[PDB]
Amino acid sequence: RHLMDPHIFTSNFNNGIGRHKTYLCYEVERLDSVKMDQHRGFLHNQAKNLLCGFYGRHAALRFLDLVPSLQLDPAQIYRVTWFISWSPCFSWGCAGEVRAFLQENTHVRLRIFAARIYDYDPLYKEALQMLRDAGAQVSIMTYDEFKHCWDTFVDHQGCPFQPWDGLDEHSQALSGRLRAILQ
């Protein structure tokens, strides 16, 4: 029930400038009792520390660590929606671990909305394709998703969502890139 600072949101989820951090706004909705809204929240990655020897944990793994805390009923079907700053990586095992989670728990269906494509990982295409081939929806965040996260996850205090310059442009471009990757 603790919301997100507006400057952090507009700083990390900017699809024009790529940040050195990753945030993840997750929703968990029950499907068919009646369809309900059961869990919402957000988290961020754990920064890698060279001096202490810590390699860091990306936001996807940070969410996979939280799944036991959700008390998901194995008899019902849940839809998990991600609004992640960077697309999940491959070289560091995130896409593989998410695919592993999706295979053990077939009652959970995941859809991922990425604000930016993590093309720093040379195998980002293999990550997105692996996520698609595992039954998870892979999409790029558009204005509707940014405004949604602003209205439900951000402590806006009544201030409406003011889109940054190039939101629709970069969102369309990344949508085209992802459409070209998932062929």
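All residue numbers are counted from 1 along the displayed sequence.
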Residue 33 preceded by how many uncoordinated deposited residues after residue 32: 1 to 3
Greater mean Cα temperature factor according to the PDB record, 149-157 or 43-51: 43-51
Which of 109-117 and 90-98 has higher mean CA B factor, as the PDB entry lists it: 90-98
Ranked C-alpha temperature factor of residue 131 among modelled chain residues, by third: middle
Residue 165 - which third its CA temperature factor falls in, relative to the rest of the chain: highest
Ranked C-alpha temperature factor of residue 124 among modelled chain residues, by third: middle
Chain-wide C-alpha B factor ranking for residue 37, given as lowest, middle or highest third: highest
Chain-relative CA temperature factor third for residue 80: middle
